[PDB]
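Student: A single structure is presented below for examination.
Read-outs: derived from the displayed coordinates by stated rules, not from any lab. Every residue, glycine as well, gets a Cβ built from its backbone with ideal geometry; the counts of neighbours run over all protein chains shown.
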Amino acid sequence: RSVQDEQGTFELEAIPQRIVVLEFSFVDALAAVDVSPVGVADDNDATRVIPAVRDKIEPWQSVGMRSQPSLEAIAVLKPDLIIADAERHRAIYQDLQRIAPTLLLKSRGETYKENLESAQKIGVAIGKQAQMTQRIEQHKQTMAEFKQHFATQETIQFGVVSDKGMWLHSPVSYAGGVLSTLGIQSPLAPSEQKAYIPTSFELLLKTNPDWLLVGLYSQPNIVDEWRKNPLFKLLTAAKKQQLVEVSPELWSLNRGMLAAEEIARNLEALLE
Amino acid sequence: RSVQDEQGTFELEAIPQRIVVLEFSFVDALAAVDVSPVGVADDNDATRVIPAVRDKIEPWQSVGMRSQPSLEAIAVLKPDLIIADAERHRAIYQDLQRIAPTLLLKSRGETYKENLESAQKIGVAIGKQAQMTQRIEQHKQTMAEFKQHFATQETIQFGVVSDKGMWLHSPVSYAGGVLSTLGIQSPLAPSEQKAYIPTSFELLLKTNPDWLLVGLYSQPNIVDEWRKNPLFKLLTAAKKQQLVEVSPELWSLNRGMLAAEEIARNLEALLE
Amino acid sequence: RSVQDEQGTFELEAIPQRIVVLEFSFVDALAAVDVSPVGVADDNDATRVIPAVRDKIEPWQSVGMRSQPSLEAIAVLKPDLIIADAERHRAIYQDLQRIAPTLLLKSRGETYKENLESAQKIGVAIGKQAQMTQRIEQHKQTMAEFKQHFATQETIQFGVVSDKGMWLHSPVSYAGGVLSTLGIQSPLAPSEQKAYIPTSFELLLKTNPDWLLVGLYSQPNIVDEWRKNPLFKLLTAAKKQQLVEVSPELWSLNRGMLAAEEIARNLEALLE
């Protein structure tokens, strides 16, 4: 079985029984086909993976942080397959390959379309191409059905907030790609190239989204300071009480089929 | 019969039989209810009013430029109602009132919605409130039916071109409001506050609309110069031969129900 | 068995035992010959198909919306015949052919006579050509029996009403085709060429049908607004309490022999 990953070509003959994944989107793809990875780089907090993914798989052993995986922890788990992030693990790819065959796919900075493509490649590598293809079709039909149920032209915008500031997730980010697939309108430029936009108070006023969904990375954060500005109450999301705090793990960290379906259910619960 | 205009309140007792109008959108409103003005500030070229408006009404007598209409020729026509532009003809408002009761309405700089509100006020001033209210309802349904007939996500952008540059009409321009009413996607930011955008060749490449509709104000123009750049062939409208010369009268000089329905038909002919 | 649909030849050898249809008129044709489809695109509401059709067949499994049916649900039913709408399901035609042999017939936009011809083609395809031929001959005699039972010159007009307006169905529409077959006179001009006429209250006053049958699509609707006008009481249908609410599913969504005969029984009941 052979796929094209970001280093060229990845091939594997045996069905991998012990998989260690180094990014959350890889856990999502495995969980969608009832495969439990033996190791996950969960930043030493398994709750950073959404419950919709964890409810479908057995617990795993942490291999540390996504930015700095512990190759010592990975080796002790004795994997037959490693799924590494292209961006995050280029430096350790050769090191990981000596532990086990390493599949090098994109997750950090992936679009919604690229995520589904990486899920299909993961299904081939683990020996579940037919089951992964089927599950991807079910996902596309499910999203298309949520899009039919959504009948709003309101602009909906997600962004992460912290004491450092606010970063909006544009149509090109994963969360934006999920909203575009669901027919949800965006208040940002159609030609926006950056997935994460450093957001000033002026841009938030200029954008003025009908729904502002915020994932909190700290308490207090930049919104608490912006609320002290008298102009903040003029925002549509403030008047209509449509500035909602959502799960930062879901909207910002957990790209995948199970998260995209959770985002749609979360959005349905918010549109009523 | 009393209406609110940009000057305050305007009233007329008798139905006006000899109407002189000083903007193209006023001709549109009158022609939409089969009313022929005796005088039109047509800049000494009646073809600057679209055929869809002139087909509906009798020939008129020119009263000169829109920016400086001939009070002499207006007075010769012996009008009982003068419909003037609030922005263009503020200085001559009192001179016009000495000739005939003068209705001061917005035309230059109006949005799509503001244009329909002025048409309703024109219908009340001329004693055809019932017929104008019905024509506006019929117009709103014709546009909604084009919106349901159209089924494309392609970006369509109109701009005026001359030897001095190109000015794109944004969603907040009149042409943008017509395209937005018809559900046609814009390649520019939804938060763009400017109606007309001075456009360089670099901004056209960044925008890169699927369809680029150009209204020529001069021949040759700046697009003829941009075509010599080898990068021009890389534009989508260049590759798919979707850079169409459209009527500059319809898209930049004429506003109203009849103009908006011509744009819809012109759009239906370009798309299919 | 070979039939012509919209590409000439569709052919099956064995009698289809598991039939999935993607449009309401296809259910009517099957039910008319006592054939229960195992799958129907019922827009997730089986009551959108009239009881005269449903009471004759077994319960079915829904495959989703007519506009975007779920190929996953169609495949799960394991059909040996799929009857698809020519206009709606052209883009998914080959996808359906991979599940089962796909009969591609016209339903949306069909006339009364075209529906009967499509019903004959369904009977041949499912192995009931002789029974369908006699059922269609029974349908025409039943309609003729209703026509020779009626002796009225009263104009009867059906239209769909909603909050967005009213649309009268002319003799060139299906509903008007059933009425013409029954020898019922139309209040419109016999020259009328359009099937669905967008209708204002002023157009309704001028038309003034003896009977106005309305298929309610929304509540409240435009007829609720028109009732506030005192001129509404001048309508003949208002003076005689002959403004009757009829099934929107029957008169607007369902076409076929069983639907046309229900309209005939509905008319005879109203006229007594």
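Student: In the protein assembly as shown, what percentage of the DSSP-assigned beta bridges are antiparallel, given to the nearest 5? Write down the numbers at each step before the final one.
Tutor: Numbers: 36 of 98 bridges.
Bridges in the protein assembly as shown are about 35 percent antiparallel.
Student: Next up: Check cross-link reach from A:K233 to the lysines: straight Cα distance under 21 Å, and skip same-chain residues fewer than eight apart.
Tutor: A:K206
Student: Between A:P198, A:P171, A:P209, which gets the highest mean-square fluctuation from a Gaussian network model of chain A, Cα cutoff 10 Å?
Tutor: A:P198
Student: Right, next: Could you line up A:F158, C:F150 from fewest to most neighbouring Cβ atoms inside 10 Å? Walk me through the intermediate numbers first.
Tutor: Numbers: A:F158 28, C:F150 14.
Sorted ascending by nearby Cβ count, the order is C:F150, A:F158.
Student: 5 Å is the cut-off here: which amide hydrogens, built 1.01 Å from N in the peptide plane, fall below it relative to B:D210, excluding neighbours closer than 5 in sequence?
Tutor: When sequence neighbours closer than 5 places are left aside, the close amide H contacts are B:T155.
Student: Around B:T142, with a cut-off of 14 angstrom between Cβ atoms, what is the net charge of the other residues, counting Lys and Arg +1 and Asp and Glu -1? Mind showing how you got there, number by number?
Tutor: Working: positive: B:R135, B:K140, B:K147, B:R265, C:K164, C:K194; negative: B:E137, B:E145, B:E261, B:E262, B:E268.
Every neighbour counted, the sum reads +1.
Student: Which residues' amide hydrogens lie under 5 Å from the amide hydrogen of B:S191, considering only partners 5 or more residues apart or on another chain, with H built in the peptide plane?
Tutor: Close amide H contacts, sequence-distant or interchain: none at all.
Student: Could you give, in nm with one decimal, how far C:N229 is from each other copy of that position, shortest first, with labels 7 Å out from Cα toward Cβ?
Tutor: Between copies, matching label points for C:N229 lie 5.0, 5.6 nm apart.
Student: Let me check I've understood the local charge: for C:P37, count other residues with C-beta under 10 angstrom from its C-beta, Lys and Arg +1, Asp and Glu -1. What total comes out? Don't skip to the end; give the middle numbers.
Tutor: On the way: positive: C:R18; negative: C:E58.
Overall, the nearby charge balance is 0.
Student: Taking B:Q120 in one copy and the same position in all the others, each labelled 7 Å out along Cα→Cβ, what are the pairwise distances from the first, in nm, shortest first?
Tutor: From this label point to the equivalent ones elsewhere in the assembly: 5.1, 5.4 nm.
Student: Here's something else I'd like to know. Mind telling me which of C:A86, C:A259, C:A189 comes out most flexible in a GNM of chain C, alpha-carbon contacts under 10 Å?
Tutor: Top of the fluctuation ranking is C:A189.
Student: Just how many pairs of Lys in segment C:2-145 have C-alpha atoms closer than 20 Å, counting pairs that are eight or more places apart or on different chains?
Tutor: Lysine pairs meeting both conditions in segment C:2-145 amount to 9.
Student: For the residues C:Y93, C:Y174, what sequence is obtained by ranking on other C-beta atoms within 10 Å, fewest first?
Tutor: C:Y93, C:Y174
Student: Test of understanding: ordering A:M132, A:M166 by Cβ neighbours within 10 Å, fewest first, what list do you get? Mind showing how you got there, number by number?
Tutor: Details: A:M132 24, A:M166 21.
Going from least to most buried by this count: A:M166, A:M132.
Student: Could you check what % of the DSSP bridge pairs in chain C are antiparallel, to the nearest 5?
Tutor: Values: 12 of 32 bridges.
Of all bridge pairs located within chain C, approximately 40 percent are antiparallel.
Student: Under the Karplus relation 6.51 cos²θ - 1.76 cosθ + 1.60, θ = phi - 60°, what is the ordered set of whole-Hz ³J(HN,Hα) values for segment A:255-272, x standing for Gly and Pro?
Tutor: Running phi through 6.51 cos²θ - 1.76 cosθ + 1.60 with θ = phi - 60° gives 2, x, 4, 5, 6, 4, 6, 5, 4, 5, 5, 5, 6, 4, 5, 7, 6, 10 Hz.
Student: Continuing with this model, one more query. By DSSP, what percent of the beta bridges with both residues in segment A:2-144 are antiparallel, rounded to the nearest 5? Could you put the intermediate results ahead of the total?
Tutor: Details: 3 of 14 bridges.
In segment A:2-144, DSSP labels about 20 percent of beta bridges as antiparallel.
Student: Taking just the alpha-carbon atoms of segment C:2-145, what radius of gyration and Dmax come out, in angstrom?
Tutor: Both quantities, over Cα of segment C:2-145: 14.0, 45 Å.
Student: Ok, one more. With θ set to phi - 60° and the Karplus curve 6.51 cos²θ - 1.76 cosθ + 1.60, what are the ³J(HN,Hα) couplings of segment B:57-62 in order, to the nearest whole Hz, using x for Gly and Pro?
Tutor: 9, 5, x, 10, 9, 5
Student: For A:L168, enumerate residues with amide H under 5 Å from its amide H, sequence gap 5+ or separate chain, H modeled in the peptide plane.
Tutor: Result for A:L168 returns A:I197, A:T199.
Student: Considering only chain A, pick the residue with its Cβ nearest the axis of the rotation onto chain B, and state the distance in whole Å.
Tutor: Here the value is A:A189, 2.
Student: A further question on this structure: Quick check: Cα centre of segment B:211-272 to Cα centre of segment A:44-111, how many Å?
Tutor: For segment B:211-272 versus segment A:44-111, the Cα centre distance is 52 Å.
Student: Tell me the Kirkwood radius of chain C: reciprocal of the mean inverse pair distance over distinct alpha-carbon atoms, in Å. Before the final figure, lay out the partial values.
Tutor: Working: mean 1/r = 0.0511 Å⁻¹.
Result for chain C stands at 19.6 Å.
Student: Give me a comma-separated list of calculated 3J(HN,Hα) values for segment B:32-47, in order, Karplus coefficients 6.51, -1.76, 1.60 applied at θ = phi - 60°, integers in Hz, x for any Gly or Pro.
Tutor: Residue by residue, segment B:32-47 yields 5, 10, 6, 10, 9, x, 7, x, 9, 6, 10, 6, 6, 8, 5, 6 Hz.
Student: Suppose each label sits 7 Å from its Cα in the direction of the beta carbon; what would the C:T9-B:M65 distance come out to in nanometres?
Tutor: In this crude label model, C:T9 to B:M65 measures out at 7.4 nm.
Student: Right, here's the next one. At A:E154, label 7 Å along Cα→Cβ: distances to the other copies, nm, ascending?
Tutor: 3.3, 4.8
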